[PDB]
Structures are given as C-alpha cells and as structure tokens.
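**Student:** One structure, pasted below without further comment.
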Amino acid sequence: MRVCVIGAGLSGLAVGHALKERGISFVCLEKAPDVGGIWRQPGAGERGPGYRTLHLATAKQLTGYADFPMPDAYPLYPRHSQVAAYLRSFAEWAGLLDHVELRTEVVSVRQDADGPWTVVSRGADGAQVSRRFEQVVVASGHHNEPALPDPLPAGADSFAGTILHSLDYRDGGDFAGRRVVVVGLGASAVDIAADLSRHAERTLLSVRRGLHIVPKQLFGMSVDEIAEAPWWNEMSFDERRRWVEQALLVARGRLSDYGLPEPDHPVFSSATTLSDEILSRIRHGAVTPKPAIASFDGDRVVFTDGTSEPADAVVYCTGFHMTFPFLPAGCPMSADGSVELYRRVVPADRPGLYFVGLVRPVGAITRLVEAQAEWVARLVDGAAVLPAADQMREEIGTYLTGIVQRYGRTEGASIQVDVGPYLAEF
Ligand SMILES: Cc1cc2nc3c(=O)[nH]c(=O)nc-3n(C[C@H](O)[C@H](O)[C@H](O)COP(=O)(O)OP(=O)(O)OC[C@H]3O[C@@H](n4cnc5c(N)ncnc54)[C@H](O)[C@@H]3O)c2cc1C
Ligand SMILES: NC(=O)c1ccc[n+]([C@@H]2O[C@H](COP(=O)([O-])OP(=O)(O)OC[C@H]3O[C@@H](n4cnc5c(N)ncnc54)[C@H](OP(=O)(O)O)[C@@H]3O)[C@@H](O)[C@H]2O)c1
Ligand SMILES: CC(C)=CCc1ccc2c(C[C@H](N)C(=O)O)c[nH]c2c1
C-alpha cells in the first residue's frame, strides 16, 4: 500500500529490510521465479549477463550484508551458485517473502495528478492488473539491455556461423571443438575467453583499445582489501597511483609483452579488468590476441591488420545499456544523456520516486545500497527531508561538471562514485 519496490535483486532486498525494520508497508514485484537478481540465472540456464563460470571479484566479508554474514566455509570468491543460495537465506531470515510476488513483471508506472502512483503489472497468466501506491522505489538493475556495436562489421549477414552477445552465453561446453572470436576487453570478455580457452579448439580475443589488466590479489590482499587498509588511505592520489604501477610490473610485467595494446591513460583513468587467468592463457597459447574485426568473409573473419581465420561463432562482450521501459517518461536523463539523480538516488521533479543501486563503485556495491536503503526508509515516513528542487539541481550540476575532470566526456561515468566519501555522509 505505502511502497512498491520494483525488483528482488540484491538491492530490492536491502530495501525491504529497511522498510520492514521501520514499519512501512511495501511489496516487492519481480519477474523471475525466485529472488537473487542476476545470481539466480546461470544456475538455472537463464539468459542473462552471467555464465556458468562466474564468481565474485570482491572479498566475501566486504560483500555480504553487514547483519547476515556468509557461511564461514565460503571462500574469498564464492561461485555464482553459493551467492544465489545465500541471498534467499537472507529473505528467509529477514522475513520478506510474504511481501514478494514472484513471476510478476511490472509493465507500466505513471504519476497521478494527486500524488500517488499507478503501477500496472502482468503476472503468470499473461494477464494484467492496475494498482495504486504512495511511493515507488526502482531496484531493477542497469545490465538488462545488451549493447551491440553499431554497426556490425560488413558482411555479417553472409556469415557462415552464429553471432551472439555475452548475454546469450552460458557454458563453452556448447563450443566444444569449434573456433570462436570474443569481442571486448571487459569483465565478461576475459572471463568467457578463459572459459572458451578450455573447450574450443581455438579462441581469439579481438580488441580495439587497451585496458589495464590487474590480478585480484597483491601481497595476498584482494584489491578491495588493500583499499580499506589505512596505509593506502595514508598515501596521496599520486603516491598510490605509482605504488600500484610498480607492483603491477613486478607481478605481470608490461602488457604489450602479451600481444595487447597499451592503454592510453594511467591506472585509475577509467580502465581495470580484474583477472587471475587471461595473461597465462595467452602465454600457454590457449587464447591468441587479435586487433579488431573488419569484415565477415564467408566462413572466415577478416581483421584490421589483414589477417584472417576460420570461425564458427563470434560472442560479443560489448557491454549493456541502461534502460527503464516501465517508466514511460524517460528515467533520470539529461541532454547528453547523463544521469541526474540528487545524491545518485532522487529525482528533482518527481516526488515519491527513488532509485537504489544505480551506482558503480570501485569494489563491492553492498554497503552503498545499504546506506541508500536506510536513508530512503526515512524519506518515506517523514523522518527525512529533501532540499528544495532548485537546491537539488545544484548538487547534481556539481557532481557532473566535476566528474568530467576525471573521466572526461563518455557515457557511463554519470553513476561513478568513490566508496570512501560516499558512505561517510549516511
Ligand atoms: C557480470 C557482473 C559481475 C559482477 N561482479 C560483481 C562482483 O564480483 N562484486 C560486486 O560487488 N558486484 C559485482 N557486480 C555488480 C552487482 O553485484 C550486481 O549489479 C548485483 O546483482 C546488483 O543487484 P541489483 O539488485 O542491483 O540488480 P539485479 O541483479 O539486476 O536485480 C534486479 C532485479 O530486478 C528484476 N526486474 C527487472 N525489471 C523488472 C520488472 N519490470 N518487473 C519486475 N522485476 C523486474 C530482475 O528480475 C532482477 O532480479 C557484477 C555485475 C555484473 C553484471
Ligand atoms: N564486477 C566487475 O569486476 C565489474 C567491473 C567493471 C564494471 N562492471 C559492470 O558489469 C558489467 C559487465 O562488464 P562487461 O565486460 O560486460 O562490459 P564493459 O566493461 O563495458 O566491457 C565492454 C568492452 O567492449 C568493448 N566495446 C564496446 N563497444 C565496442 C564497439 N562498438 N566495438 C568494439 N569494442 C567495443 C569495450 O572496449 P572499448 O573501450 O573500445 O569500448 C570494452 O572492452 C559492466 O558493463 C559494468 O556495468 C563489473
Ligand atoms: C586496483 C584497482 C585499480 C582496482 C580498480 C577497480 C576494481 C574493481 C572495479 C569494479 C568491480 C565492482 N565489482 C563492480 O562493478 O561493482 C568496478 N570498477 C572497478 C575498479
């Protein structure tokens, strides 16, 4: 009655925990058959951003809910199945499933002239129902629409094999004894390459720009555990930038020595894929570096340096787009399309709406959504207030004009945050 929470991933869950602790009535509508978000999908063969080999890249203690520790036998990087089974164990403990409508997908959301909102949801019977609520929190994710390159390289329609996106990938056992291209240097790209490097007769990583490849451990310490140590927070922003450069060199060496393009920017300048595996697959011959796909010649793939190779599939690890279709009116958007959310959560012109988890931090997202949830729980029953709308559009203007001095102009920088100072204001 009081709050519709869209989505039962890691964030929607932290939301209900906040509202329930406080006394607010709410429901959680999710389209999937259970709770968990993306972490439910590969353990169930469902089409999604993940794959049957995915693990956490962040330390378990820094990633679990601070009131519900993970099972002590979990390793530092649990498998996607361990994670999903843990997220349902919180919903059971914290007391929330009676509020959760599974297999119920939200289709429409519109603000009514008098203040409440009208949510239309389609369920399992493929049918429809309209409802009214006081407030609404969006917790749907930002990895839902895949971003293919525009355009495809010439001749893609006369290709012998299949062309697919990382969202369609599950296991390489489906590419056993075939020959595959992987497009991208992202988090999914190196993971799927390394998986295909043990099933396909031959795997190739096509790359157009260089990113800094970093292992998930320096001095036995996870990269995000290093982040919290005080001697790291003791160093300056140029001291630690080099501390890292020196260490990387000792651990892996230089990237052009593996056949890979040098990034055109120092560390922290928008580039870090984490992987314990990808370089060693290259030094073992299991994956071969290529330079950008230029045309589809029949059953072969022509690249930009003139080389060519027989291939039966191309898996595109090119990322995702941020879309909210149940919001007829466009979601937090500006002119150039930068996100405009006061403190990365609240719209300025739409009382009663909130977005949780639309933030990209360095490391675990959890303590960030926890603060977002706890604050929003006090803005719903009045224990918390907001600035006037003008004064709110100024904080946003300050956040944006200042993030161009760090990543310059691009597309997904508008939700980039520093875990340290962000959580200090909650
Ligand atoms: C490949 C990948 C690897 C990651 N690795 C890490 C990592 O190692 N460490 C880390 O800390 N973070 C990691 N993250 C980030 C973070 O853990 C995830 O974004 C996390 O799942 C956040 O969950 P969420 O609730 O924000 O969103 P989601 O997981 O997307 O959950 C949102 C839910 O909304 C539901 N939904 C969507 N639309 C509707 C609708 N219209 N009606 C009803 N329900 C709807 C979906 O079914 C989904 O369950 C990773 C992200 C990705 C994509
Ligand atoms: N858990 C983690 O470790 C982690 C880390 C960072 C982000 N994430 C989140 O999780 C998501 C999963 O990462 P991801 O690997 O799927 O996405 P990603 O990090 O955005 O990877 C995209 C890759 O595709 C390339 N690419 C994009 N458009 C291209 C084009 N038109 N032609 C050629 N190459 C192109 C990019 O190189 P270019 O630079 O040339 O575009 C880049 O190498 C990310 O989108 C992000 O939201 C997770
Ligand atoms: C050593 C140093 C350069 C590490 C830099 C770094 C490490 C991890 C991430 C992530 C992953 C996180 N799991 C998420 O996307 O939610 C996003 N950006 C990152 C930057």
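In the structure tokens, the first chain shown is A, the next is B, and so on; residue numbers restart at 1 for each chain, and ligands run from 1 in the order shown.
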Could you list, as a PyMOL selection string, all protein and nucleic acid residues with an atom at most 7 Å from ligand 1, counting only C-alpha atoms and all ligand atoms?
**Tutor:** chain A and resi 6-12+29-32+35-39+49-50+55-58+63+104-107+139-143+187-188+326+357+363-366
**Student:** Around ligand 2, at most 9 Å away and counting only C-alpha atoms and all ligand atoms, which residues are there? Put them as a PyMOL selection string, please.
**Tutor:** chain A and resi 49-50+56-58+142-143+146-152+166-167+183-191+206-211+271-275+292-293+316-321+360-364+412
**Student:** From stretch 174-305 of chain A, collect each residue whose DSSP state is strand (DSSP E) and return the set as number ranges by chain.
**Tutor:** A: 179-183, 202-206, 213-214, 273-274, 288-290, 293-297, 300-303
**Student:** Please indicate the distance in Å from atom CA of residue A:67 to atom CA of residue A:91, rounded to one decimal place.
**Tutor:** 12.4 Å
**Student:** Using only C-alpha atoms, can you tell me which of A:205, A:109, A:223, A:379 comes closest to residue A:260?
**Tutor:**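 Among the listed residues, A:205 lies closest to residue A:260.
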**Student:** Looking at A:88, A:60, A:99, A:252, which one is nearest to residue A:5, with distances taken over only C-alpha atoms?
**Tutor:**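 Once distances to residue A:5 are computed over only C-alpha atoms, the minimum belongs to A:99.
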**Student:** Using only C-alpha atoms and all ligand atoms, which residue out of A:396, A:247, A:423, A:97 lies closest to ligand 3?
**Tutor:**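 Looking only at the distances to ligand 3, the closest residue turns out to be A:247.
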**Student:** Find the residue from A:204, A:301, A:213, A:353 that sits nearest to ligand 3; use only C-alpha atoms and all ligand atoms when measuring.
**Tutor:** A:213
**Student:** Could you pull out the residues in stretch 256-409 of chain A that DSSP calls alpha helix (DSSP H) from the backbone, as a PyMOL selection string?
**Tutor:** chain A and resi 278-283+366-380+389-407
**Student:** Keeping only N, CA and C atoms, write those residues as a short mmCIF file (atom, residue, chain, number, x, y, z; two decimals), in the first residue's frame.
**Tutor:**
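Everything below was put into part.cif:
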data_model
loop_
_atom_site.label_atom_id
_atom_site.label_comp_id
_atom_site.auth_asym_id
_atom_site.auth_seq_id
_atom_site.Cartn_x
_atom_site.Cartn_y
_atom_site.Cartn_z
N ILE A 278 43.93 -14.41 -17.58
CA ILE A 278 43.87 -14.16 -19.01
C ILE A 278 45.26 -14.12 -19.62
N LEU A 279 46.22 -13.47 -18.95
CA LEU A 279 47.58 -13.45 -19.47
C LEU A 279 48.14 -14.86 -19.57
N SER A 280 47.93 -15.69 -18.54
CA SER A 280 48.53 -17.01 -18.59
C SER A 280 47.91 -17.87 -19.68
N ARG A 281 46.63 -17.66 -19.99
CA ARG A 281 46.07 -18.36 -21.15
C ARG A 281 46.80 -17.96 -22.42
N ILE A 282 47.24 -16.70 -22.50
CA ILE A 282 47.95 -16.23 -23.68
C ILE A 282 49.34 -16.85 -23.75
N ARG A 283 50.10 -16.80 -22.64
CA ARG A 283 51.40 -17.44 -22.62
C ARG A 283 51.33 -18.96 -22.78
N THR A 366 27.59 -3.29 -1.95
CA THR A 366 26.62 -3.62 -0.91
C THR A 366 26.45 -2.50 0.12
N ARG A 367 27.50 -2.21 0.90
CA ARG A 367 27.43 -1.09 1.83
C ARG A 367 26.93 0.20 1.19
N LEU A 368 26.99 0.32 -0.14
CA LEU A 368 26.44 1.52 -0.77
C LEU A 368 24.92 1.45 -0.88
N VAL A 369 24.38 0.30 -1.27
CA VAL A 369 22.93 0.20 -1.33
C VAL A 369 22.35 0.19 0.08
N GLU A 370 23.10 -0.35 1.06
CA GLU A 370 22.60 -0.39 2.43
C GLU A 370 22.34 1.02 2.93
N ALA A 371 23.28 1.94 2.71
CA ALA A 371 23.05 3.33 3.09
C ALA A 371 21.90 3.94 2.30
N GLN A 372 21.85 3.68 0.99
CA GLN A 372 20.78 4.22 0.16
C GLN A 372 19.42 3.78 0.67
N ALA A 373 19.33 2.52 1.08
CA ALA A 373 18.07 1.97 1.56
C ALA A 373 17.69 2.58 2.90
N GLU A 374 18.66 2.67 3.81
CA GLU A 374 18.38 3.16 5.15
C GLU A 374 17.93 4.61 5.11
N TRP A 375 18.53 5.41 4.23
CA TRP A 375 18.10 6.80 4.09
C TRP A 375 16.70 6.89 3.49
N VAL A 376 16.47 6.18 2.38
CA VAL A 376 15.18 6.24 1.72
C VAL A 376 14.07 5.76 2.65
N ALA A 377 14.38 4.86 3.57
CA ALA A 377 13.35 4.39 4.54
C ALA A 377 12.87 5.52 5.45
N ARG A 378 13.68 6.55 5.62
CA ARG A 378 13.30 7.69 6.49
C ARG A 378 12.65 8.80 5.65
N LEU A 379 12.87 8.82 4.35
CA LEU A 379 12.19 9.83 3.50
C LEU A 379 10.75 9.37 3.21
N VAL A 380 10.40 8.11 3.48
CA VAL A 380 9.05 7.66 3.13
C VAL A 380 8.03 7.97 4.23
N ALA A 389 13.83 21.96 -4.83
CA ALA A 389 14.20 21.35 -6.11
C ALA A 389 15.36 22.09 -6.79
N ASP A 390 15.34 23.42 -6.78
CA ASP A 390 16.50 24.17 -7.27
C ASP A 390 17.76 23.76 -6.53
N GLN A 391 17.74 23.81 -5.20
CA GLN A 391 18.94 23.48 -4.45
C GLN A 391 19.37 22.04 -4.70
N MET A 392 18.49 21.22 -5.26
CA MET A 392 18.82 19.80 -5.51
C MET A 392 19.51 19.70 -6.88
N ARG A 393 19.08 20.53 -7.83
CA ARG A 393 19.62 20.51 -9.21
C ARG A 393 21.04 21.06 -9.21
N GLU A 394 21.43 21.68 -8.10
CA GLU A 394 22.78 22.27 -8.00
C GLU A 394 23.78 21.18 -7.59
N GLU A 395 23.38 20.32 -6.66
CA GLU A 395 24.29 19.23 -6.23
C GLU A 395 24.58 18.37 -7.45
N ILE A 396 23.53 18.12 -8.23
CA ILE A 396 23.72 17.31 -9.43
C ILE A 396 24.70 18.00 -10.39
N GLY A 397 24.49 19.30 -10.64
CA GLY A 397 25.40 20.04 -11.51
C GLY A 397 26.83 20.01 -11.02
N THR A 398 27.03 20.04 -9.70
CA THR A 398 28.37 19.93 -9.14
C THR A 398 28.96 18.54 -9.36
N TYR A 399 28.15 17.49 -9.21
CA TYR A 399 28.67 16.13 -9.39
C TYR A 399 29.13 15.91 -10.82
N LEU A 400 28.38 16.44 -11.78
CA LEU A 400 28.61 16.17 -13.19
C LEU A 400 29.79 16.97 -13.72
N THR A 401 29.74 18.30 -13.55
CA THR A 401 30.84 19.12 -14.03
C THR A 401 32.16 18.73 -13.37
N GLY A 402 32.12 18.01 -12.26
CA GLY A 402 33.34 17.57 -11.62
C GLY A 402 33.80 16.17 -11.99
N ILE A 403 32.90 15.34 -12.52
CA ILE A 403 33.34 14.01 -12.97
C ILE A 403 33.89 14.06 -14.38
N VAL A 404 33.76 15.20 -15.05
CA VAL A 404 34.39 15.33 -16.40
C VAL A 404 35.88 15.64 -16.21
N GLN A 405 36.26 16.08 -15.01
CA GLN A 405 37.68 16.38 -14.71
C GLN A 405 38.39 15.10 -14.29
N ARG A 406 37.76 13.95 -14.53
CA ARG A 406 38.35 12.68 -14.05
C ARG A 406 38.23 11.64 -15.15
N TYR A 407 37.09 11.62 -15.84
CA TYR A 407 36.88 10.64 -16.93
C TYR A 407 36.59 11.39 -18.22
#
**Student:** Name all residues at most 12 Å from residue A:69 (count only C-alpha atoms; drop same-chain ones fewer than 2 positions away) and give them as JSON, numbers by chain.
**Tutor:** {"A": [60, 61, 62, 63, 64, 65, 66, 67, 71, 72, 73, 74, 83, 86, 87, 89, 90, 93]}
**Student:** Would you put the residues from that selection into a file with N, CA and C atoms, as an mmCIF file, in the first residue's frame?
**Tutor:**
data_model
loop_
_atom_site.group_PDB
_atom_site.id
_atom_site.type_symbol
_atom_site.label_atom_id
_atom_site.label_comp_id
_atom_site.auth_asym_id
_atom_site.auth_seq_id
_atom_site.Cartn_x
_atom_site.Cartn_y
_atom_site.Cartn_z
ATOM 1 N N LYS A 60 34.504 -11.681 0.210
ATOM 2 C CA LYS A 60 33.187 -12.069 0.728
ATOM 3 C C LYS A 60 32.767 -11.204 1.916
ATOM 4 N N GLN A 61 33.675 -10.991 2.872
ATOM 5 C CA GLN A 61 33.349 -10.200 4.053
ATOM 6 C C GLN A 61 32.952 -8.769 3.700
ATOM 7 N N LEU A 62 33.513 -8.208 2.623
ATOM 8 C CA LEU A 62 33.176 -6.860 2.171
ATOM 9 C C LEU A 62 31.969 -6.840 1.255
ATOM 10 N N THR A 63 31.384 -7.979 0.985
ATOM 11 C CA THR A 63 30.298 -8.038 0.032
ATOM 12 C C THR A 63 29.001 -8.504 0.654
ATOM 13 N N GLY A 64 29.064 -9.294 1.728
ATOM 14 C CA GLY A 64 27.850 -9.726 2.403
ATOM 15 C C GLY A 64 27.180 -8.610 3.192
ATOM 16 N N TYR A 65 25.852 -8.738 3.339
ATOM 17 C CA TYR A 65 25.081 -7.859 4.220
ATOM 18 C C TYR A 65 25.717 -7.828 5.602
ATOM 19 N N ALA A 66 25.876 -6.633 6.161
ATOM 20 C CA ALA A 66 26.624 -6.491 7.433
ATOM 21 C C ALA A 66 25.907 -7.087 8.647
ATOM 22 N N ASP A 67 24.655 -7.489 8.493
ATOM 23 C CA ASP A 67 23.902 -8.123 9.602
ATOM 24 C C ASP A 67 23.786 -9.630 9.361
ATOM 25 N N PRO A 71 28.287 -17.999 5.062
ATOM 26 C CA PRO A 71 28.773 -19.217 5.722
ATOM 27 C C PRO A 71 30.294 -19.280 5.789
ATOM 28 N N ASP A 72 30.814 -19.593 6.976
ATOM 29 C CA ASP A 72 32.251 -19.474 7.197
ATOM 30 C C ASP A 72 33.079 -20.353 6.264
ATOM 31 N N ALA A 73 32.486 -21.389 5.679
ATOM 32 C CA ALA A 73 33.209 -22.235 4.741
ATOM 33 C C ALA A 73 33.257 -21.662 3.329
ATOM 34 N N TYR A 74 32.528 -20.582 3.057
ATOM 35 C CA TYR A 74 32.648 -19.919 1.773
ATOM 36 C C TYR A 74 34.083 -19.422 1.583
ATOM 37 N N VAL A 83 26.395 -17.747 -4.099
ATOM 38 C CA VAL A 83 25.890 -16.407 -3.848
ATOM 39 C C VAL A 83 24.369 -16.399 -3.875
ATOM 40 N N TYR A 86 22.792 -17.876 -0.896
ATOM 41 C CA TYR A 86 22.916 -17.016 0.273
ATOM 42 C C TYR A 86 21.858 -15.915 0.261
ATOM 43 N N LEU A 87 21.527 -15.391 -0.909
ATOM 44 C CA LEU A 87 20.599 -14.237 -0.967
ATOM 45 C C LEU A 87 19.168 -14.659 -0.584
ATOM 46 N N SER A 89 18.607 -17.050 1.610
ATOM 47 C CA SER A 89 18.701 -17.324 3.060
ATOM 48 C C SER A 89 18.491 -16.026 3.836
ATOM 49 N N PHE A 90 18.787 -14.870 3.253
ATOM 50 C CA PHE A 90 18.536 -13.569 3.936
ATOM 51 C C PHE A 90 17.054 -13.253 3.897
ATOM 52 N N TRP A 93 15.448 -15.325 6.576
ATOM 53 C CA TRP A 93 15.764 -14.801 7.925
ATOM 54 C C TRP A 93 15.051 -13.472 8.138
#
**Student:** Write out as a ChimeraX atom specification the residues lying within 10 Å of residue A:111, counting only C-alpha atoms and excluding same-chain residues fewer than 3 positions away.
**Tutor:** /A:114-119,132-133,135,327,329,350-353
**Student:** Just give me the gap between atom CA of residue A:154 and atom CA of residue A:295 in Å, one decimal is fine.
**Tutor:**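 The value is 4.9 Å.
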**Student:** What separation in Å, quoted to one decimal, exists between atom 18 (N, counted along the ligand's line) of ligand 3 and atom CA of residue A:153?
**Tutor:**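 It comes out at 29.0 Å.
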**Student:** Taking only C-alpha atoms and all ligand atoms into account, name the residue in A:242, A:216, A:40, A:300 that is nearest to ligand 3.
**Tutor:**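 Looking only at the distances to ligand 3, the closest residue turns out to be A:216.
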**Student:** Which of these residues is nearest to residue A:98, using only C-alpha atoms: A:4, A:192, A:28, A:388?
**Tutor:** A:28
**Student:** List the neighbours of residue A:312 out to 12 Å using only C-alpha atoms; skip same-chain residues closer than 2 positions along the sequence, and give me the result as a ChimeraX atom specification.
**Tutor:** /A:159-164,174-182,200-204,296-301,309-310,314-315
